[PDB]
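A.B. asks: Generate a structure from the sequence data that follows.
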Amino acid sequence: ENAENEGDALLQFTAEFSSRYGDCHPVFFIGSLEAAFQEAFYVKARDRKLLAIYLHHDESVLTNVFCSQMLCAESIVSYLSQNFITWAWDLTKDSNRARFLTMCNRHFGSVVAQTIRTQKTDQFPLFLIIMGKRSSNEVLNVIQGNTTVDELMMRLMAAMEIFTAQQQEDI
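C.D. replies: Numbering: from 1, shown residues only. Please find the structure below.
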């Protein structure tokens, strides 16, 4: 379908963000969002993990601090990247803004995208967590952004223990 190169697009960002903020940062997966999913759910039953979309919005005043505030920790970045799948998407410009909405609209749903529209800008960054379902990808938790780095730890770790319990063996 009509789409633009993601991998490269992300690279340029990862490269800048590196210097802009600093070397210390969570390993950003280079490729197409599609993979960020398969490599999470469709991944080896052993390498099974969860995905976490990190929306980066300049307009937001937090996105700045939150970066060196929460995305500054080594345990969070290392764990979020190792345990979970770290993925960033620059939706600053409208062009990108809509794009994402369109993708999520289907991938996730209409009730999901709409929410993003209501979610103010300050709230950002918006950290979402997906469990993954053959039928369709659905989120389990949606953090505004003014949360505490600590909350992220439990929020992430929990999503893991919860998932295992959610899924079944028969079905």
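
A.B. asks: Only C-alpha atoms from now on, for both contacts and neighbour counts.
C.D. replies: Fine.

A.B. asks: May I have the beta-bridge partners of the residue nearest the centre of the chain?
C.D. replies: Nearest to the centroid of the C-alpha atoms of the chain, with distances taken as CA atoms, centre = their mean, sits residue 53, at 1.3 Å. Beta-bridge pairing of residue 53 under DSSP bridges involves residue 87.

A.B. asks: just checking, it touches residue 127?
C.D. replies: Yes - because the distance of 6.2 Å satisfies CA atoms under 8 Å, residue 53 is recorded as touching residue 127.

A.B. asks: Look up the closest residue to residue 83, ignoring the ones flanking it.
C.D. replies: residue 49 (6.2 Å; CA to CA, 6 or more residues apart in numbering).

A.B. asks: Residue 40 is in contact with the one you found, correct?
C.D. replies: Yes - between residue 49 and residue 40 there is a contact under CA under 8 Å: 4.9 Å.

A.B. asks: can you pull out the helices in this protein?
C.D. replies: Ranges of helices in the chain, per DSSP state H, are 6-21, 33-38, 62-69, 74-82, 94-107, 110-118, 149-166.

A.B. asks: out of the ones you listed, nearest to residue 27?
C.D. replies: Residue 27 lies closest to helix 74-82 among the helices of the chain, at 5.9 Å (CA to CA).

A.B. asks: by contact count, what packs against that closest one?
C.D. replies: Here helix 74-82 touches helix 149-166, going by 3 or more CA pairs under 8 Å, 6 or more residues apart in numbering; DSSP states H and E.

A.B. asks: The helix it packs on: which residues count as buried?
C.D. replies: By 16 or more other CA atoms under 10 Å, the buried positions in helix 149-166 come out as 149, 152, 156, 159, 160, 163.

A.B. asks: who's in contact with the closest residue to the first one other than its chain neighbours?
C.D. replies: Using CA to CA, 6+ apart and skipping residues adjacent in sequence, the residue nearest residue 149 is residue 70, 5.1 Å away. Residue 70 makes contact with 76, 148, 149, according to CA atoms under 8 Å, 6 or more residues apart in numbering.

A.B. asks: now the second one: how far from residue 70?
C.D. replies: Right, residue 148. 8 Å (CA to CA, to the nearest Å).

A.B. asks: Can you get me a residue count around the closest residue in space to residue 24 that isn't next to it in sequence?
C.D. replies: Sequence neighbours aside, residue 72 is the residue nearest to residue 24 in space, at 6.6 Å (criterion: CA to CA, 6+ apart). Using other CA atoms under 10 Å, residue 72 has 19 other residues around it.
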